[PDB]
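Here's the structure, in structure tokens; my notes come after.
Every number in this text was worked out from the coordinates using simple rules, so none of it is lab data. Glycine also receives a Cβ, built like all others from the backbone with ideal geometry; neighbour counts cover every protein chain displayed.
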Amino acid sequence: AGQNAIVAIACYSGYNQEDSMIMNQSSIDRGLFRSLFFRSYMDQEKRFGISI
Amino acid sequence: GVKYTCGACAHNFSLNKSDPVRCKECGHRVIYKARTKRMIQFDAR
Amino acid sequence: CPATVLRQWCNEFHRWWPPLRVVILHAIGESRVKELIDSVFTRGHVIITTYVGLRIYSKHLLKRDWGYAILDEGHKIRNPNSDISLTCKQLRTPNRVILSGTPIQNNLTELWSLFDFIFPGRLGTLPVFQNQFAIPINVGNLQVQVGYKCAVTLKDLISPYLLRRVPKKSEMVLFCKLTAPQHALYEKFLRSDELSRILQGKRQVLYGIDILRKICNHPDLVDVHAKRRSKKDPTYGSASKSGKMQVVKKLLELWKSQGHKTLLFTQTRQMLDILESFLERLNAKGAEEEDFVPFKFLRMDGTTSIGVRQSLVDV
Ligand SMILES: [Zn+2]
């Protein structure tokens, strides 16, 4: 669960403040932490009466 | 047109709205709508 | 009289006694029926009515006095407390005659209600009629002798109020068994919440014995898609699953080659679909091979028209 990615420590962009991180776009383009999500919708016919 | 495929018996077929959910040869009630042969285009990025 | 004998009833008037005038209760024999009423009592002699048609013109029929009364219907009166008593027993005439050889088929309550129409109660009220001999007859020594006298009293009380007059036949009853798929569906429905729910009182037992007869005719009738596959799915019928196809196939084919005009009898038009798919498949099998003859069936029901009747009855 997770990936081994490269991190450096500094204050370069000023955006790293306050629980924010700065990301390499090249790794994202190559697919670092790309993932697949799947959602199952369940549906069914119902019986209002016996034949309805 | 609307093709259907069996569970694991690999039976390929097509139900209509006249029959219950039942793989016609294997007698398997877990059937699956066969995928569309139609092309899907991607962006590769 | 019923609507199947309306013209018949006018016919014997015309042929036996032309002097008797006659008028049926229809458009001929809202004002038009009132001009029909004009001189239907002086000029008009006998008025005919269908036993559905009285409550179409009852506003101007039950009011004036009447003479002799004939009702050719002894199974659409039965027990009291119905629209029957509402439009019938309010007539004003001692003369009251019912023409039916099957008045007693369900219970003596029907007997009391039929005796009410003719006589004003030579026996007693409905509570009196019940408390007199209802239970003793059913339960029944300790019953017989006292019951014997209490019943012969009734027989002598009502006997001069209703007349009584009466090749070979073979009655073979076959006792077939429930098949394994039938026994499975029988136990499944047997142990379910709906049966107890019916028993306690929220529903009626009439809807729980109609579905357990629905499975005995054949397994494929307790399906929720009944209408959706009745006449458009040639597997809905099937054979040998009902527990009765084999004693149907064999028994009917023993007459098919023997040339015996036979009667197939059902009660539901839903099972007719299954027995009709079955016989069409029998026809297909016979026609594909040789030395056979088409089965040639037909189905008649309320869906058809009153006009057809005799025609098929004749063909
Ligand atoms: Zn299969």
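Structure notes:
- The lone criterion from (1) more than 19 Å from C:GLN182 (Cα to Cα); (2) away from chain B (no Cβ under 14 Å) left unmet by C:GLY243 is number (1).
- For the residues B:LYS24, B:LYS17, the requirement of being of a type in the set (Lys, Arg) and surrounded by 10 or more Cβ atoms within 10 Å (Cβ to Cβ) singles out B:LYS24.
- Every residue from chain A that is surrounded by 10 or more Cβ atoms within 10 Å (Cβ to Cβ) and within 14 Å of chain C (Cβ to nearest Cβ): A:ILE50, A:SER51
- Looking only at region C:18-36, and only at residues there that are hydrophobic (A, V, I, L, M, F, W, C) and loosely packed, with under 12 Cβ neighbours inside 10 Å, the one that is nearest to C:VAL97 (Cα to Cα): C:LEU20
- Here C:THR235 meets each of (1) polar (S, T, N, Q); (2) surrounded by 10 or more Cβ atoms within 10 Å (Cβ to Cβ); (3) away from chain B (no Cβ under 14 Å) with one exception, condition (3).
- Check on C:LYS249, of a type outside the set (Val, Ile, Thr) and more than 30 Å from A:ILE52 (Cβ to Cβ): yes
- Members of region B:14-34 found to be more than 8 Å from the ligand (Cβ to nearest atom), away from chain C (no Cβ under 14 Å) and not hydroxyl-bearing (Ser, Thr, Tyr), listed by number: B:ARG29, B:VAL30, B:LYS33, B:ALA34
- If the condition is being surrounded by 12 or more Cβ atoms within 10 Å (Cβ to Cβ) and over 18 Å from C:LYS244 (Cβ atoms), then region C:174-191 contributes only C:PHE189.
- Taken over region C:207-226, the criterion of being within 14 Å of chain B (Cβ to nearest Cβ), in contact with a helix residue (DSSP H, G or I) (Cβ under 9 Å, 6 or more places away or on another chain) and surrounded by fewer than 16 Cβ atoms within 10 Å (Cβ to Cβ) is satisfied by C:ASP223 alone.
- Yes/no for C:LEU263 being under 23 Å from C:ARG213 (Cβ atoms) and outside any helix (DSSP H, G or I): yes
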